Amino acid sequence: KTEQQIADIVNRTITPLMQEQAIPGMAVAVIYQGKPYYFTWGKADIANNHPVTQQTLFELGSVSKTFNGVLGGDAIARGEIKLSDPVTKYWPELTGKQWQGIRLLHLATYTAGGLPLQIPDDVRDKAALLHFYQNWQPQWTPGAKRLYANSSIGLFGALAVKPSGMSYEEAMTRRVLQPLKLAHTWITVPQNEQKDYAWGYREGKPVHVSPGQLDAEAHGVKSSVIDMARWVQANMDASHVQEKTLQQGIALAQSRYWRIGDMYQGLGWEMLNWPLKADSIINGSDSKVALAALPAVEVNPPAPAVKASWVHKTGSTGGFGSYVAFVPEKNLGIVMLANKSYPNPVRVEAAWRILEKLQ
C-alpha cells in the first residue's frame, strides 16, 4: 500500500536477482493503483562508473514487438490496412505461389507457415530481402502452427507502415512515441543521447553488434524506465489517450487472435487469462518452449481485449534483458530493464513475486 512497502517489496526481489545473475545495472518501474514508482540500481557503464538513472536507455529486444503491434493496430484504426489483407497487397513483388493465402494477420502472429527465426546475416538490402522471402518454403499451411520468428513480425511492421508513405522509424515516432510523450524512446539513438545509452554486458565484457535487416521492426527499440512505465500505463488503460486511432490500436494489439495452450497471441503482446498459476508463465518463457512450433487455434472473430489478463512480453539483446507485464483488471504492472541478458524464467518469476506481494 505505502511507497516504503512498495520500495521494500521491489528491493527484496531485485537486489538478490542482480547479485545472483551478476547484472551490472537495472531500472524497474512498478505501476500500483495506476501510479508509477521508479527504481534504479548499479551501473550503466562499468569502466566509466556511470550509474543507472531514470534517463538510462536500455535495449528492449523483443519488447520492441509491442510497439510494432500498437503501430500496426493504429494503422488498422486509420483504415490504412486490414489484418485480413493479403501480404501481396503491400508487397506486390512477392509473386511466389506459397504467398497466396498468407495475410498480414499471419505475419503479425507468427502463423504464416514456418517463417525462419532470423533474416540471414548475408541478406543486407531490399532485393536480397525479396529473394529470401520469394524462395522461402513453408512447412505448414497458413494458420496451422505458431512459430515465433523475427522474419514474420519484422515483415508485418515494414508492410503495416507502407500506406503512410513514412519509414517505419518515422511512423513509429510520429504516431506512437510523440503522442504518448515518450521523449526518451528511440530506434536510432541520436548522438546527443549516447551519454545515457547503457552498455550491455555478456560474460563480463561490453558487447555491441550493428543492426541487421528488419531490426527496427522486430528488435530495435531502446527506452528509459520512465518511458517504459508510461508505455505500460498507456497499454493497461488507454482511456486518457486523446488520439483515437492510437487508443484503438492499443486495444487491437490486445485482442486474442489465436489460442496456443494457455496463451493468446495479440499483436506483439501475449496474454493469459487472469487469475493463473505462476508455473504457466515461468515454464512458458523457457526458450525451448517459446521457440517451439505449436498448433495454433484461430479465435473467430478475434476476441476483444480482456481486462482479466496477464499481458506480457520478454525481450533480450546480446547485452540486455527486459520484461514487461501488467494486469489491467488490477491497474498493476511492472517493467524490468537490465544491461545483462539473464534467463527468461528468472525474469518472469521475479516479476510475478513482486506483483503477487503488491496485490
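Residue numbers run from 1 along the displayed sequence.
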For 171-179 versus 233-241, entry-based mean Cα B-factors point to 233-241
Can you let me know which of the two, 94-102 or 77-85, has the higher average C-alpha B-factor in the entry? 94-102
Checking the record values for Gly249, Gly157, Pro120, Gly266, which has the greatest CA B factor? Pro120
Tell me which of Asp45, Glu329, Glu59, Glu298 tops the list for C-alpha B factor in the record. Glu329
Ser309 CA temperature factor, ranked by third within the chain: middle
Ranking the modelled residues of this chain by C-alpha B-factor as given in the entry, is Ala22 in the lowest, middle or highest third? highest
Name the third of the chain's ranked CA B-factors that contains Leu147, choosing lowest, middle or highest. lowest
Within this chain's modelled residues, let me know which third the CA B factor of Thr40 belongs to: lowest, middle or highest. middle
Please place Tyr197 in the lowest, middle or highest third of its chain according to the CA B-factor in the PDB entry. lowest
